[PDB]
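Colleague: Data: target-v7.cif, mmCIF, N, CA and C atoms and all ligand atoms.
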data_data
loop_
_atom_site.label_atom_id
_atom_site.label_comp_id
_atom_site.auth_asym_id
_atom_site.auth_seq_id
_atom_site.Cartn_x
_atom_site.Cartn_y
_atom_site.Cartn_z
N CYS A 1 0.83 -1.20 0.00
CA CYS A 1 0.00 0.00 0.00
C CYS A 1 0.87 1.25 0.00
N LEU A 2 0.97 1.89 -1.16
CA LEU A 2 1.83 3.04 -1.36
C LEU A 2 1.00 4.30 -1.63
N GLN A 3 1.64 5.45 -1.41
CA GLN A 3 1.00 6.73 -1.68
C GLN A 3 0.80 6.92 -3.18
N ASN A 4 -0.32 7.53 -3.55
CA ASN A 4 -0.57 7.84 -4.95
C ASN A 4 0.52 8.76 -5.49
N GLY A 5 0.96 8.48 -6.71
CA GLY A 5 2.09 9.16 -7.31
C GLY A 5 3.35 8.33 -7.35
N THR A 6 3.39 7.23 -6.60
CA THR A 6 4.55 6.34 -6.63
C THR A 6 4.68 5.70 -8.00
N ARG A 7 5.89 5.72 -8.54
CA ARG A 7 6.18 5.20 -9.87
C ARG A 7 6.79 3.81 -9.74
N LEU A 8 6.15 2.82 -10.35
CA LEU A 8 6.62 1.44 -10.34
C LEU A 8 7.03 1.04 -11.75
N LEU A 9 7.76 -0.08 -11.84
CA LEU A 9 8.25 -0.59 -13.11
C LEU A 9 7.34 -1.70 -13.62
N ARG A 10 6.94 -1.60 -14.88
CA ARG A 10 6.20 -2.66 -15.53
C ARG A 10 7.14 -3.80 -15.90
N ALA A 11 6.56 -4.90 -16.41
CA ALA A 11 7.37 -6.05 -16.80
C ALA A 11 8.32 -5.72 -17.95
N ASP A 12 7.96 -4.74 -18.78
CA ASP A 12 8.82 -4.36 -19.90
C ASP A 12 9.95 -3.44 -19.46
N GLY A 13 9.72 -2.60 -18.45
CA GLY A 13 10.74 -1.68 -17.98
C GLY A 13 10.24 -0.26 -17.84
N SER A 14 9.16 0.06 -18.55
CA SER A 14 8.58 1.40 -18.48
C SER A 14 7.90 1.62 -17.13
N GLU A 15 7.59 2.88 -16.85
CA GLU A 15 7.02 3.25 -15.56
C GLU A 15 5.49 3.24 -15.61
N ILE A 16 4.90 3.21 -14.42
CA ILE A 16 3.45 3.23 -14.26
C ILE A 16 3.14 3.78 -12.87
N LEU A 17 2.14 4.66 -12.79
CA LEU A 17 1.72 5.17 -11.50
C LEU A 17 1.04 4.07 -10.69
N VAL A 18 1.23 4.13 -9.37
CA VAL A 18 0.66 3.12 -8.49
C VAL A 18 -0.86 3.19 -8.51
N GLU A 19 -1.42 4.39 -8.68
CA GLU A 19 -2.87 4.55 -8.78
C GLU A 19 -3.41 4.08 -10.12
N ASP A 20 -2.55 3.88 -11.11
CA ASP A 20 -2.96 3.44 -12.44
C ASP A 20 -2.83 1.93 -12.62
N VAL A 21 -2.32 1.22 -11.61
CA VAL A 21 -2.20 -0.23 -11.70
C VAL A 21 -3.59 -0.86 -11.61
N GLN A 22 -3.84 -1.84 -12.47
CA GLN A 22 -5.11 -2.54 -12.52
C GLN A 22 -4.88 -4.04 -12.35
N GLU A 23 -5.99 -4.77 -12.20
CA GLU A 23 -5.91 -6.21 -12.01
C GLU A 23 -5.33 -6.88 -13.25
N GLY A 24 -4.34 -7.74 -13.05
CA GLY A 24 -3.69 -8.43 -14.14
C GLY A 24 -2.51 -7.71 -14.75
N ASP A 25 -2.22 -6.48 -14.32
CA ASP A 25 -1.10 -5.73 -14.86
C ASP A 25 0.23 -6.41 -14.52
N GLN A 26 1.19 -6.26 -15.42
CA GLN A 26 2.47 -6.96 -15.32
C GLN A 26 3.52 -6.00 -14.77
N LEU A 27 3.90 -6.21 -13.52
CA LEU A 27 4.97 -5.46 -12.87
C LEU A 27 6.29 -6.22 -13.01
N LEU A 28 7.37 -5.60 -12.53
CA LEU A 28 8.71 -6.16 -12.64
C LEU A 28 9.20 -6.60 -11.26
N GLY A 29 9.64 -7.85 -11.16
CA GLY A 29 10.14 -8.38 -9.92
C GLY A 29 11.63 -8.15 -9.76
N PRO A 30 12.15 -8.39 -8.55
CA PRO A 30 13.58 -8.13 -8.30
C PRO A 30 14.52 -9.06 -9.05
N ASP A 31 14.04 -10.21 -9.53
CA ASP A 31 14.87 -11.14 -10.28
C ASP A 31 14.75 -10.96 -11.79
N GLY A 32 14.02 -9.95 -12.24
CA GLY A 32 13.86 -9.67 -13.65
C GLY A 32 12.63 -10.27 -14.31
N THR A 33 12.05 -11.32 -13.73
CA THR A 33 10.85 -11.90 -14.31
C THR A 33 9.62 -11.07 -13.92
N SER A 34 8.50 -11.36 -14.56
CA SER A 34 7.31 -10.54 -14.41
C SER A 34 6.51 -10.93 -13.16
N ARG A 35 5.61 -10.03 -12.78
CA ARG A 35 4.70 -10.21 -11.65
C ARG A 35 3.30 -9.80 -12.07
N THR A 36 2.30 -10.42 -11.45
CA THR A 36 0.91 -10.15 -11.76
C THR A 36 0.24 -9.50 -10.56
N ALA A 37 -0.30 -8.30 -10.76
CA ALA A 37 -0.99 -7.58 -9.71
C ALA A 37 -2.48 -7.89 -9.75
N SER A 38 -3.09 -7.96 -8.57
CA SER A 38 -4.51 -8.28 -8.47
C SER A 38 -5.03 -7.77 -7.14
N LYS A 39 -6.36 -7.81 -6.99
CA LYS A 39 -7.06 -7.36 -5.79
C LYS A 39 -6.65 -5.92 -5.44
N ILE A 40 -7.06 -5.01 -6.31
CA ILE A 40 -6.75 -3.60 -6.13
C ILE A 40 -7.55 -3.04 -4.97
N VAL A 41 -6.90 -2.23 -4.14
CA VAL A 41 -7.52 -1.63 -2.96
C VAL A 41 -7.06 -0.18 -2.87
N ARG A 42 -7.96 0.70 -2.46
CA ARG A 42 -7.65 2.12 -2.35
C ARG A 42 -8.15 2.65 -1.02
N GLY A 43 -7.61 3.80 -0.63
CA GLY A 43 -8.03 4.40 0.62
C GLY A 43 -7.45 5.79 0.76
N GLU A 44 -7.62 6.35 1.96
CA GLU A 44 -7.16 7.70 2.25
C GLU A 44 -6.92 7.81 3.74
N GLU A 45 -5.65 7.96 4.13
CA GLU A 45 -5.31 8.08 5.55
C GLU A 45 -3.96 8.77 5.68
N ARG A 46 -3.60 9.09 6.92
CA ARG A 46 -2.29 9.67 7.20
C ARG A 46 -1.22 8.59 7.04
N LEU A 47 -0.25 8.84 6.17
CA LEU A 47 0.74 7.85 5.81
C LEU A 47 2.07 8.11 6.52
N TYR A 48 2.97 7.14 6.40
CA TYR A 48 4.31 7.22 6.95
C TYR A 48 5.30 7.53 5.83
N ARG A 49 6.12 8.56 6.04
CA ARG A 49 7.17 8.96 5.11
C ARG A 49 8.50 8.46 5.65
N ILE A 50 9.15 7.59 4.88
CA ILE A 50 10.45 7.02 5.22
C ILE A 50 11.50 7.72 4.38
N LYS A 51 12.40 8.44 5.04
CA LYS A 51 13.49 9.14 4.37
C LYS A 51 14.76 8.32 4.53
N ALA A 52 15.34 7.94 3.40
CA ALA A 52 16.61 7.24 3.32
C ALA A 52 17.58 8.06 2.47
N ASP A 53 18.86 7.75 2.59
CA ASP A 53 19.87 8.50 1.86
C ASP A 53 19.83 8.13 0.38
N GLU A 54 20.27 9.08 -0.46
CA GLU A 54 20.32 8.94 -1.91
C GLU A 54 18.94 8.84 -2.54
N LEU A 55 18.16 7.83 -2.15
CA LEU A 55 16.92 7.52 -2.84
C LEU A 55 15.77 8.41 -2.39
N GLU A 56 14.77 8.52 -3.26
CA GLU A 56 13.55 9.26 -2.98
C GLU A 56 12.79 8.64 -1.82
N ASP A 57 12.10 9.50 -1.07
CA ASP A 57 11.34 9.06 0.10
C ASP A 57 10.29 8.03 -0.28
N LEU A 58 9.96 7.17 0.67
CA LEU A 58 8.95 6.12 0.49
C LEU A 58 7.77 6.41 1.41
N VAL A 59 6.62 6.73 0.83
CA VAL A 59 5.42 7.05 1.59
C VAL A 59 4.46 5.87 1.47
N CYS A 60 4.15 5.24 2.60
CA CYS A 60 3.35 4.03 2.61
C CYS A 60 2.44 4.03 3.83
N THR A 61 1.66 2.96 3.98
CA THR A 61 0.71 2.85 5.07
C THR A 61 1.36 2.22 6.30
N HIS A 62 0.60 2.19 7.40
CA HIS A 62 1.10 1.62 8.64
C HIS A 62 1.31 0.11 8.53
N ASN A 63 0.48 -0.57 7.76
CA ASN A 63 0.55 -2.02 7.63
C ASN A 63 1.46 -2.47 6.50
N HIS A 64 2.18 -1.55 5.87
CA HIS A 64 3.07 -1.90 4.77
C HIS A 64 4.25 -2.72 5.29
N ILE A 65 4.64 -3.73 4.52
CA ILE A 65 5.74 -4.62 4.87
C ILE A 65 6.99 -4.15 4.13
N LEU A 66 8.07 -3.92 4.87
CA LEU A 66 9.34 -3.49 4.31
C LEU A 66 10.28 -4.69 4.23
N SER A 67 10.91 -4.86 3.07
CA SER A 67 11.93 -5.88 2.85
C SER A 67 13.29 -5.24 3.13
N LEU A 68 13.86 -5.53 4.30
CA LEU A 68 15.07 -4.88 4.76
C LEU A 68 16.19 -5.89 4.94
N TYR A 69 17.39 -5.37 5.17
CA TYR A 69 18.56 -6.17 5.50
C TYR A 69 19.09 -5.71 6.85
N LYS A 70 19.39 -6.67 7.72
CA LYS A 70 19.86 -6.39 9.07
C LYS A 70 21.30 -6.88 9.23
N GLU A 71 22.10 -6.12 9.96
CA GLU A 71 23.48 -6.50 10.21
C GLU A 71 23.55 -7.80 11.00
N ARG A 72 24.70 -8.47 10.89
CA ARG A 72 24.94 -9.75 11.56
C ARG A 72 23.89 -10.79 11.18
N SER A 90 27.03 -11.68 5.51
CA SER A 90 27.22 -10.49 6.34
C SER A 90 25.88 -9.95 6.84
N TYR A 91 24.97 -9.70 5.90
CA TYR A 91 23.64 -9.19 6.22
C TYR A 91 22.60 -10.29 6.08
N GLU A 92 21.51 -10.15 6.83
CA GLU A 92 20.42 -11.11 6.83
C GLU A 92 19.15 -10.44 6.33
N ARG A 93 18.36 -11.18 5.55
CA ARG A 93 17.15 -10.65 4.94
C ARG A 93 15.98 -10.77 5.91
N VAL A 94 15.27 -9.66 6.14
CA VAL A 94 14.21 -9.60 7.14
C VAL A 94 13.04 -8.80 6.58
N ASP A 95 11.83 -9.35 6.69
CA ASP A 95 10.61 -8.61 6.38
C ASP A 95 9.98 -8.12 7.68
N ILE A 96 9.72 -6.81 7.76
CA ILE A 96 9.18 -6.22 8.98
C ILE A 96 8.16 -5.15 8.60
N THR A 97 7.05 -5.09 9.34
CA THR A 97 6.02 -4.11 9.04
C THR A 97 6.47 -2.71 9.44
N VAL A 98 5.74 -1.71 8.92
CA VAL A 98 6.09 -0.32 9.18
C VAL A 98 5.83 0.05 10.64
N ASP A 99 4.75 -0.48 11.23
CA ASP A 99 4.40 -0.12 12.60
C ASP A 99 5.46 -0.61 13.58
N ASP A 100 5.83 -1.89 13.49
CA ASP A 100 6.85 -2.43 14.37
C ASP A 100 8.18 -1.70 14.19
N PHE A 101 8.54 -1.39 12.94
CA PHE A 101 9.78 -0.67 12.70
C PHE A 101 9.74 0.73 13.30
N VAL A 102 8.56 1.36 13.30
CA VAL A 102 8.41 2.65 13.97
C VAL A 102 8.62 2.49 15.47
N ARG A 103 8.09 1.41 16.05
CA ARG A 103 8.21 1.22 17.49
C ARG A 103 9.60 0.78 17.94
N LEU A 104 10.45 0.32 17.03
CA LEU A 104 11.81 -0.06 17.41
C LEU A 104 12.63 1.18 17.79
N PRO A 105 13.56 1.03 18.73
CA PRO A 105 14.45 2.14 19.07
C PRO A 105 15.40 2.48 17.93
N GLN A 106 15.94 3.70 17.98
CA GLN A 106 16.79 4.18 16.90
C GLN A 106 18.07 3.35 16.79
N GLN A 107 18.62 2.90 17.92
CA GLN A 107 19.81 2.07 17.88
C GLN A 107 19.55 0.76 17.13
N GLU A 108 18.32 0.27 17.17
CA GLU A 108 17.94 -0.89 16.38
C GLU A 108 17.54 -0.53 14.96
N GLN A 109 16.93 0.64 14.77
CA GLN A 109 16.55 1.08 13.43
C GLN A 109 17.78 1.28 12.54
N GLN A 110 18.89 1.74 13.13
CA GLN A 110 20.10 1.98 12.35
C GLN A 110 20.74 0.70 11.82
N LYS A 111 20.32 -0.47 12.31
CA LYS A 111 20.88 -1.73 11.84
C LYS A 111 20.18 -2.27 10.59
N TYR A 112 19.06 -1.68 10.18
CA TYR A 112 18.30 -2.15 9.04
C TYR A 112 18.60 -1.30 7.81
N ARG A 113 18.56 -1.94 6.64
CA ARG A 113 18.88 -1.28 5.38
C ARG A 113 17.88 -1.68 4.31
N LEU A 114 17.41 -0.68 3.55
CA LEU A 114 16.69 -0.96 2.32
C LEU A 114 17.67 -1.47 1.26
N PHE A 115 17.13 -2.02 0.18
CA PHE A 115 18.00 -2.52 -0.88
C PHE A 115 17.32 -2.39 -2.23
N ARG A 116 18.14 -2.25 -3.27
CA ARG A 116 17.70 -2.09 -4.64
C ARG A 116 18.39 -3.13 -5.51
N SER A 117 17.77 -3.43 -6.65
CA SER A 117 18.29 -4.42 -7.58
C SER A 117 18.98 -3.71 -8.73
N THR A 118 20.21 -4.14 -9.03
CA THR A 118 20.99 -3.54 -10.11
C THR A 118 21.68 -4.62 -10.94
N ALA A 132 22.53 -4.97 -6.09
CA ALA A 132 22.57 -5.35 -4.69
C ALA A 132 23.15 -4.23 -3.83
N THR A 133 22.59 -3.03 -3.97
CA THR A 133 23.03 -1.87 -3.22
C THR A 133 22.22 -1.74 -1.93
N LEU A 134 22.91 -1.51 -0.82
CA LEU A 134 22.27 -1.36 0.48
C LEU A 134 22.16 0.12 0.83
N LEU A 135 21.06 0.50 1.46
CA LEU A 135 20.74 1.89 1.72
C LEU A 135 20.34 2.08 3.18
N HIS A 136 20.88 3.13 3.79
CA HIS A 136 20.61 3.43 5.19
C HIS A 136 19.21 4.01 5.35
N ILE A 137 18.44 3.49 6.30
CA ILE A 137 17.17 4.09 6.70
C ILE A 137 17.47 5.06 7.83
N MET A 138 17.24 6.35 7.60
CA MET A 138 17.69 7.35 8.56
C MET A 138 16.58 8.19 9.19
N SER A 139 15.37 8.15 8.64
CA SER A 139 14.26 8.80 9.33
C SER A 139 12.95 8.21 8.84
N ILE A 140 11.93 8.32 9.69
CA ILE A 140 10.59 7.84 9.34
C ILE A 140 9.58 8.52 10.25
N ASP A 141 8.66 9.29 9.66
CA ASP A 141 7.73 10.10 10.43
C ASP A 141 6.33 9.99 9.84
N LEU A 142 5.34 10.30 10.68
CA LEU A 142 3.94 10.27 10.26
C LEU A 142 3.55 11.61 9.64
N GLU A 143 2.90 11.55 8.48
CA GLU A 143 2.50 12.75 7.77
C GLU A 143 1.42 13.50 8.54
N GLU A 144 1.36 14.82 8.31
CA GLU A 144 0.43 15.67 9.04
C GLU A 144 -0.99 15.51 8.53
N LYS A 145 -1.18 15.52 7.22
CA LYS A 145 -2.51 15.48 6.64
C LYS A 145 -2.76 14.17 5.91
N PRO A 146 -4.02 13.72 5.84
CA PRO A 146 -4.32 12.46 5.15
C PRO A 146 -3.97 12.53 3.67
N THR A 147 -3.81 11.35 3.08
CA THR A 147 -3.40 11.22 1.68
C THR A 147 -4.01 9.95 1.11
N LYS A 148 -4.41 10.02 -0.16
CA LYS A 148 -4.92 8.85 -0.87
C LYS A 148 -3.79 7.86 -1.14
N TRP A 149 -4.12 6.57 -1.02
CA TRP A 149 -3.15 5.50 -1.23
C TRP A 149 -3.80 4.37 -2.02
N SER A 150 -2.95 3.63 -2.74
CA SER A 150 -3.36 2.47 -3.52
C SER A 150 -2.48 1.29 -3.16
N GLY A 151 -3.06 0.09 -3.25
CA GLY A 151 -2.34 -1.14 -2.93
C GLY A 151 -2.91 -2.31 -3.70
N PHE A 152 -2.17 -3.41 -3.66
CA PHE A 152 -2.52 -4.63 -4.39
C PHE A 152 -1.64 -5.75 -3.86
N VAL A 153 -1.83 -6.95 -4.42
CA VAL A 153 -1.03 -8.11 -4.07
C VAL A 153 -0.24 -8.55 -5.30
N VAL A 154 0.87 -9.24 -5.04
CA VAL A 154 1.80 -9.66 -6.08
C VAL A 154 2.08 -11.15 -5.92
N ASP A 155 2.10 -11.87 -7.04
CA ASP A 155 2.35 -13.30 -7.04
C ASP A 155 3.85 -13.57 -6.89
N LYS A 156 4.23 -14.84 -6.99
CA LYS A 156 5.63 -15.29 -6.89
C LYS A 156 6.15 -14.88 -5.51
N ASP A 157 7.35 -14.30 -5.40
CA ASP A 157 7.88 -13.89 -4.10
C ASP A 157 7.17 -12.68 -3.51
N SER A 158 6.12 -12.18 -4.16
CA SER A 158 5.35 -11.03 -3.68
C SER A 158 6.21 -9.77 -3.58
N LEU A 159 7.24 -9.67 -4.43
CA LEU A 159 8.13 -8.52 -4.46
C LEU A 159 8.02 -7.83 -5.81
N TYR A 160 8.13 -6.50 -5.80
CA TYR A 160 8.11 -5.72 -7.03
C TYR A 160 9.13 -4.59 -6.91
N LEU A 161 9.33 -3.87 -8.01
CA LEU A 161 10.36 -2.85 -8.09
C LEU A 161 9.74 -1.46 -8.26
N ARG A 162 10.31 -0.49 -7.56
CA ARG A 162 9.97 0.91 -7.78
C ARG A 162 10.70 1.44 -9.01
N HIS A 163 10.38 2.67 -9.40
CA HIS A 163 11.02 3.26 -10.57
C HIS A 163 12.52 3.38 -10.39
N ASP A 164 12.98 3.62 -9.16
CA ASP A 164 14.40 3.64 -8.83
C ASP A 164 14.93 2.27 -8.42
N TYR A 165 14.26 1.19 -8.84
CA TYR A 165 14.67 -0.19 -8.61
C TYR A 165 14.65 -0.58 -7.13
N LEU A 166 13.98 0.20 -6.28
CA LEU A 166 13.85 -0.18 -4.88
C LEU A 166 12.91 -1.36 -4.75
N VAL A 167 13.33 -2.37 -3.99
CA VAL A 167 12.55 -3.59 -3.84
C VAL A 167 11.47 -3.37 -2.78
N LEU A 168 10.22 -3.65 -3.14
CA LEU A 168 9.08 -3.47 -2.26
C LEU A 168 8.33 -4.79 -2.11
N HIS A 169 7.64 -4.92 -0.98
CA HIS A 169 6.84 -6.08 -0.61
C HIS A 169 5.37 -5.68 -0.54
N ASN A 170 4.50 -6.68 -0.58
CA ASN A 170 3.05 -6.47 -0.44
C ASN A 170 2.71 -5.52 0.71
PT PT B 201 0.02 -2.60 1.53
PT PT B 202 -5.20 0.30 8.26
PT PT B 203 7.77 -11.66 2.62
#
Show me the file's structure as structure tokens.

Modeller:
Amino acid sequence: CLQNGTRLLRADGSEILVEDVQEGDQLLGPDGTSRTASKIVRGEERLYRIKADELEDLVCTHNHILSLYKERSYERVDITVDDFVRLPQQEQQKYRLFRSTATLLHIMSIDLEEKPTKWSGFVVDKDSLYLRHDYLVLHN
């Protein structure tokens, strides 16, 4: 569940708005093969803005699942946005976002937006992973 305006990659490589995704649309997975989106859902609520270095901010819902990497080389961990918000900063600094090109990115801030915002979401087959326009790996 991402904020409207988020740009995702189709199976061919071109971009598509998250609000423009429809049932059966072909997204791009982190391994290069295609993904099928289905069960489109929309809403409007106060979202969480995750600011990381280099890459554009990620605005998502409270129940959004983040595919992160944790130190101790690195281990792959899926964690929801709410639990990650509740973790202390000393623990938050151990988690990293990642993009497919295997670049690791520091998560350095995450705050709740002031005003509500429209959001769109869906489910993804296979490993349930898809790519953002900047190749950031995202989970259902
Ligand atoms: Pt979601
Ligand atoms: Pt909710
Ligand atoms: Pt997962």

Colleague: Residues up to 8 Å from ligand PT 202 (chain B), counting only N, CA and C atoms and all ligand atoms: could you list those as a list in words?

Modeller: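 Those within range of ligand PT 202 (chain B) are residues 61, 62, 63 and 64 of chain A.
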
Colleague: How close does chain A get to ligand PT 201 (chain B)? List, as a tab-separated table, each residue of chain A within 6 Å, its nearest atom pair and the distance in Å to one decimal, counting all atoms listed in the file.

Modeller:
residue	atom	partner	partner_atom	distance
A:1	N	B:PT201	PT	2.2
A:2	N	B:PT201	PT	5.3
A:63	C	B:PT201	PT	5.2
A:64	CA	B:PT201	PT	4.5
A:65	N	B:PT201	PT	5.6
A:151	CA	B:PT201	PT	5.3
A:152	N	B:PT201	PT	5.7
A:170	C	B:PT201	PT	4.1

Colleague: Around the point (8.6, -5.1, 9.7), in the coordinates given by the file, pick out the residues reaching within 8 Å, counting only N, CA and C atoms, and return them as JSON, numbers by chain.

Modeller: {"A": [64, 65, 66, 67, 68, 94, 95, 96, 97, 98, 99, 100, 101, 102]}

Colleague: Please compute the atom N of residue 159 (chain A)-CA of residue 137 (chain A) distance, one decimal, in Å.

Modeller: 20.3 Å

Colleague: What is the distance between CA of residue 104 (chain A) and CA of residue 92 (chain A), in Å to one decimal?

Modeller: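 It comes out at 17.6 Å.
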
Colleague: What residues in chain A get the DSSP label alpha helix (DSSP H)? Please answer as a list in words.

Modeller: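 So, restricting chain A to alpha helix (DSSP H), we get residues 98, 99, 100, 101, 102, 103, 106, 107, 108 and 109 of chain A.
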
Colleague: May I ask for the distance between CA of residue 90 (chain A) and CA of residue 107 (chain A), given in Å to one decimal place?

Modeller: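 If I compute the distance from CA of residue 90 (chain A) to CA of residue 107 (chain A), I get 18.6 Å.
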
Colleague: Measuring between only N, CA and C atoms and all ligand atoms, which one of A:162, A:55, A:157, A:23 shows the shortest distance to ligand PT 203 (chain B)?

Modeller: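 Checking each of A:162, A:55, A:157, A:23 against ligand PT 203 (chain B), counting only N, CA and C atoms and all ligand atoms, the winner is A:157.
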
Colleague: Taking into account all atoms listed in the file, which residue in the set A:30, A:42, A:56, A:48 is nearest to residue 116 (chain A)?

Modeller: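 Among A:30, A:42, A:56, A:48, it is A:30 that comes nearest to residue 116 (chain A).
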
Colleague: With all atoms listed in the file as the atoms that count, which of A:167, A:6, A:69, A:158 lies nearest to residue 113 (chain A)?

Modeller: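 Comparing A:167, A:6, A:69, A:158 against residue 113 (chain A), the winner is A:69.
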
Colleague: Identify all residues of region 4-170 of chain A in strand (DSSP E or B) (DSSP on the backbone) and supply them as a ChimeraX atom specification.

Modeller: /A:7-10,15-17,26-28,34-45,48-52,58-60,65-71,91-97,112-116,133-142,147-154,159-162,166-169

Colleague: For residue 7 (chain A), please output as a VMD selection string all residues within 8 Å (counting only C-alpha atoms; exclusion window: fewer than 2 positions along the same chain).

Modeller: chain A and resid 5 9 15 to 18 162 to 163

Colleague: Find the residues near residue 34 (chain A): any atom within 8 Å, counting only N, CA and C atoms, skip ones fewer than 2 places away on the same chain, and give them as an MDAnalysis selection string.

Modeller: chainID A and resid 10:12 25:32 36:37 155:156

Colleague: Deliver the residues from the most recent selection as a file, using N, CA and C atoms, as a PDB file, in the coordinates of the input.

Modeller:
ATOM      1  N   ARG A  10       6.940  -1.600 -14.880  1.00  0.00           N
ATOM      2  CA  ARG A  10       6.200  -2.660 -15.530  1.00  0.00           C
ATOM      3  C   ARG A  10       7.140  -3.800 -15.900  1.00  0.00           C
ATOM      4  N   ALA A  11       6.560  -4.900 -16.410  1.00  0.00           N
ATOM      5  CA  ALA A  11       7.370  -6.050 -16.800  1.00  0.00           C
ATOM      6  C   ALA A  11       8.320  -5.720 -17.950  1.00  0.00           C
ATOM      7  N   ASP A  12       7.960  -4.740 -18.780  1.00  0.00           N
ATOM      8  CA  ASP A  12       8.820  -4.360 -19.900  1.00  0.00           C
ATOM      9  C   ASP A  12       9.950  -3.440 -19.460  1.00  0.00           C
ATOM     10  N   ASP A  25      -2.220  -6.480 -14.320  1.00  0.00           N
ATOM     11  CA  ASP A  25      -1.100  -5.730 -14.860  1.00  0.00           C
ATOM     12  C   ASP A  25       0.230  -6.410 -14.520  1.00  0.00           C
ATOM     13  N   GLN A  26       1.190  -6.260 -15.420  1.00  0.00           N
ATOM     14  CA  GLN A  26       2.470  -6.960 -15.320  1.00  0.00           C
ATOM     15  C   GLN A  26       3.520  -6.000 -14.770  1.00  0.00           C
ATOM     16  N   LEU A  27       3.900  -6.210 -13.520  1.00  0.00           N
ATOM     17  CA  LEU A  27       4.970  -5.460 -12.870  1.00  0.00           C
ATOM     18  C   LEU A  27       6.290  -6.220 -13.010  1.00  0.00           C
ATOM     19  N   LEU A  28       7.370  -5.600 -12.530  1.00  0.00           N
ATOM     20  CA  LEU A  28       8.710  -6.160 -12.640  1.00  0.00           C
ATOM     21  C   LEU A  28       9.200  -6.600 -11.260  1.00  0.00           C
ATOM     22  N   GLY A  29       9.640  -7.850 -11.160  1.00  0.00           N
ATOM     23  CA  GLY A  29      10.140  -8.380  -9.920  1.00  0.00           C
ATOM     24  C   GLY A  29      11.630  -8.150  -9.760  1.00  0.00           C
ATOM     25  N   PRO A  30      12.150  -8.390  -8.550  1.00  0.00           N
ATOM     26  CA  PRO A  30      13.580  -8.130  -8.300  1.00  0.00           C
ATOM     27  C   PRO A  30      14.520  -9.060  -9.050  1.00  0.00           C
ATOM     28  N   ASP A  31      14.040 -10.210  -9.530  1.00  0.00           N
ATOM     29  CA  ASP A  31      14.870 -11.140 -10.280  1.00  0.00           C
ATOM     30  C   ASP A  31      14.750 -10.960 -11.790  1.00  0.00           C
ATOM     31  N   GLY A  32      14.020  -9.950 -12.240  1.00  0.00           N
ATOM     32  CA  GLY A  32      13.860  -9.670 -13.650  1.00  0.00           C
ATOM     33  C   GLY A  32      12.630 -10.270 -14.310  1.00  0.00           C
ATOM     34  N   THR A  36       2.300 -10.420 -11.450  1.00  0.00           N
ATOM     35  CA  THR A  36       0.910 -10.150 -11.760  1.00  0.00           C
ATOM     36  C   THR A  36       0.240  -9.500 -10.560  1.00  0.00           C
ATOM     37  N   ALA A  37      -0.300  -8.300 -10.760  1.00  0.00           N
ATOM     38  CA  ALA A  37      -0.990  -7.580  -9.710  1.00  0.00           C
ATOM     39  C   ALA A  37      -2.480  -7.890  -9.750  1.00  0.00           C
ATOM     40  N   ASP A 155       2.100 -11.870  -7.040  1.00  0.00           N
ATOM     41  CA  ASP A 155       2.350 -13.300  -7.040  1.00  0.00           C
ATOM     42  C   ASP A 155       3.850 -13.570  -6.890  1.00  0.00           C
ATOM     43  N   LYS A 156       4.230 -14.840  -6.990  1.00  0.00           N
ATOM     44  CA  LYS A 156       5.630 -15.290  -6.890  1.00  0.00           C
ATOM     45  C   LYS A 156       6.150 -14.880  -5.510  1.00  0.00           C
TER      46      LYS A 156
END

Colleague: Within 6.5 Å of residue 148 (chain A), counting all atoms listed in the file, which residues show up once you throw out same-chain ones fewer than 6 positions away? Write them as JSON, numbers by chain, please.

Modeller: {"A": [2, 3, 4, 43, 44, 45]}

Colleague: Write out as a list in words each polymer residue whose atoms come within 9 Å of residue 53 (chain A), counting only C-alpha atoms; drop sequence neighbours fewer than 5 positions from it.

Modeller: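 Skipping anything fewer than 5 positions along the chain leaves residues 135, 136, 137 and 138 of chain A.
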
Colleague: For residue 144 (chain A), which residue among A:161, A:8, A:47, A:114 is the nearest when counting only N, CA and C atoms?

Modeller: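 Among the listed residues, the smallest separation from residue 144 (chain A) belongs to A:47.
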
Colleague: Do you know which residues are at most 7 Å from residue 22 (chain A) counting all atoms listed in the file, after dropping those on the same chain fewer than 6 positions away, and could you put them as a list in words?

Modeller: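 Everything that qualifies: residues 37, 38, 39 and 40 of chain A.
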
Colleague: Which residue gives the smallest distance to ligand PT 203 (chain B) among A:70, A:169, A:49, A:145, with all atoms listed in the file counted?

Modeller: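 Closest residue, counting all atoms listed in the file: A:169.
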